[PDB]
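Here are the chains, one letter per residue:
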Amino acid sequence: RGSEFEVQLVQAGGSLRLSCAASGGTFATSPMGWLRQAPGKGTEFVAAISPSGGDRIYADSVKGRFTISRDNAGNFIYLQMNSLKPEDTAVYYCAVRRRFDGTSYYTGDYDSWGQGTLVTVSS
């Protein structure tokens, strides 16, 4: 479903797998991430994965519940969301790291890419 973006309804304690695709290995060289915007809130950082697949970092509010991965051709990254809370209700964006002014946790170094996904968690 959707309106300006894709929509996903889930129930608390459920799981969901977001996916984000490019063409021609667009982000084979780039570090990647997921950002989210909860209503009223600024964009926050969720997870990031390096080109090698192996430097994965997590907002402490998703650490241990979410996991990030990618393919090797540079076309896909996934966000595997488990133990969903109603606190996780937000619009989710995959993002390319295009600048290197801060750490890998810095939402400012990321550009959202493609089309967001509203994940509503019903208590």
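Residues numbered from 1 in each chain as written, not as in the entry; some residues may be left out. Heavy atoms only, no water.

Engineer: Would you explain the side chain of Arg97 in this entry?
Structural biologist: Position of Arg97 among the secondary structure elements: in strand 8 (residues 90-97). By relative accessible area, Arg97 is classed as buried at 10%. In terms of polar contacts, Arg97 uses its side chain to reach the backbone carbonyl oxygen of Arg99, at 3.0 Å. Within the structure, the side chain of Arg97 is placed 2.9 Å from the side chain of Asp109, a separation counted as a polar contact. Every residue in contact with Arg97, bar those within four places of it in the chain, is listed here: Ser30, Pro31, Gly102, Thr103, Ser104, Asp109 and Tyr110. (Helix = DSSP H or I, 4+ residues; strand = E, 2+ residues; numbered from the N terminus. Buried < 20%, exposed > 50% of the residue type's maximum accessible area, 1.4 Å probe, protein only. Polar contact = N/O pair within 3.5 Å; in protein donor to acceptor, adjacent residues only side chain to side chain. Contact = heavy atoms within 4.5 Å.)

Engineer: Please clarify how the sheet that holds strand 2 (residues 16-21) should be interpreted in this entry.
Structural biologist: Pairing between sheet strands relies on hydrogen bonds along the backbone, with the strands arranged either parallel or antiparallel. Strand order in the open sheet made by the three strands is 2-7-6, with antiparallel pairing throughout. Every other strand in the sheet has two partners, leaving strand 2 and strand 6 (66-70) as the edge strands with one partner each. Pairwise comparison of adjacent strand axes, ignoring direction, gives a mean angle of 15° for this sheet. Two elements, strand 2 and strand 7 (residues 76-81), share six bridges in a ladder whose sense is antiparallel. Bridged to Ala21 within strand 7 is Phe76. (Pairing = 2+ DSSP bridges. Axes fitted to C-alpha atoms, helices over the stretch in contact; angles between N-to-C directions.)

Engineer: Even after reading the chapter, I still don't get the pairing of strand 7, so can you show me in this structure?
Structural biologist: Remark: a regular strand shows side chains that alternate across the two faces of the sheet. Note: strand 6 against strand 7, five bridges, orientation antiparallel. For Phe66, the partnering residue across the bridge sits in strand 7 and is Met81.

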